[PDB]
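Below: one structure, written as structure tokens.
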Ligand code: NA
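Numbering (our numbering), first residue to last: 32 to 263.
Structure (structure tokens):
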């Protein structure tokens, strides 16, 4: 997808209170951005990093600018606004960048199915229903990507739900959208949430497919393109 209109740049002073960031624009003035990420944002919010923000045109809200990307001091692009993940995924399924998910005749979003909600469900006359859970990956240590970047009991629960989907003979996919341009491989963060990492291995055992695709990212746009090796 393309950022429309294109993003503007600034220099980070600090992210604070989770949802706010003070930045300095190219004119040397201060500006407060909405930070649409509630997580730790490890490696994504270093004072002095360049940030890229969008502008909401027709709103009277207090902070009509949103922090979209970080361009780290080592030159890497990071999409900190992980609220784009589902859209990038849908776009990549439909344009067939994600080959493992081609050959379905319909795509539905936000499907409530059980006594739980799935990000996408793919369907076809000849095939079992395909359930896709989308996860965002912004944690990098050099080239190694990790999820989660803090313990997640909610993540653990959804992972268990996917196992039930597979057990019932549906196709079940967990899809890690990799939003940091430095990442070249993916693993669960066993060192951070050991239980999640264990559940991820167990889900694989029980037939949940695990994919990780990397986004190409610039101030102009982002697109999921490249598949990445996963090591449990
Ligand atoms: Na999700």
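Heads up, the beta-carbon is just placed ideally off N, CA and C, and yes, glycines get one too.
Next item on the list: State yes or no: is the C-beta of residue 221 within less than 8 Å of the C-beta of residue 228?
Entry: Note that the C-beta distance between residue 221 and residue 228 is below 8 Å.
Next item on the list: Would you kindly report the start and end of the unbroken beta strand (DSSP E) that includes residue 152?
Entry: For residue 152, the enclosing beta strand (DSSP E) has its first and last residue at 148-155.
Checklist line | Span separating the alpha-carbon of residue 50 from that of residue 112 | finding: 11 Å
Check: For the 8 Å Cβ check, are there 3 or more pairs between the region 194-211 and the region 111-125?
Finding: A contact exists between the region 194-211 and the region 111-125.
Note to self: Rounded to the nearest angstrom, what separates residue 193 and residue 239 at their Cα positions?
What the structure shows: Cα-Cα distance, rounded: 7 Å.
Item checked: Spatially closest choice to residue 103 from 183, 177, 40, by CA coordinates -> 40
Checklist line | Check: residue 150 C-beta below 7 Å from any heavy atom of the ligand NA | finding: yes
Checklist line | Which of helix, strand or coil DSSP assigns to residue 251 | finding: coil
Notebook entry, point to check: Is there contact here, the region 153-167 with the region 197-206, by at least three beta-carbon pairs under 8 Å?
Noted result: yes
Checklist line | Presumed contact (8 Å Cβ cut-off) between residue 97 and residue 76, rounded CB distance | finding: At roughly 14 Å, the Cβ-Cβ gap does not stay under 8 Å, so residue 97 and residue 76 are not in contact.
Item checked: Minimum length 4: unbroken alpha helix (DSSP H) runs contained in the region 192-262 -> 225-236
Item checked: Proximity winner among 173, 185, 245, relative to residue 148 (alpha-carbon distances) -> 185
Margin query: Measuring only the C-alpha atoms, how far is residue 183 from residue 126?
Written below: Approximately 32 Å, taken between the alpha carbons.
Notebook entry, point to check: At which residues does the beta strand (DSSP E) containing residue 118 begin and terminate?
Noted result: Where residue 118 is concerned, there is no enclosing beta strand (DSSP E), although the alpha helix (DSSP H) around it starts and stops at 116-125.
Next item on the list: Could you pull out every residue in the same chain whose Cβ sits closer than 6 Å to the Cβ of residue 65, ignoring the five residues on either side in sequence?
Entry: 94, 97
Note to self: Does residue 173 pass the burial test, meaning 16 or more other C-beta atoms within 10 Å, or should it be called exposed?
What the structure shows: exposed
Check: Three-state secondary structure (DSSP) at residue 132?
Finding: helix
Notebook entry, point to check: Beta-carbon of residue 68 versus every beta-carbon of chain B: anything under 8 Å?
Noted result: Note that chain B does not occur in the displayed structure, where there is just one protein chain.
Next item on the list: Compute every distance between the C-beta of residue 240 and the non-hydrogen atoms of the ligand NA, then say whether any falls below 7 Å.
Entry: no
Check: How long is the line joining the alpha carbons of residue 52 and residue 106, rounded to whole angstroms?
Finding: 20 Å
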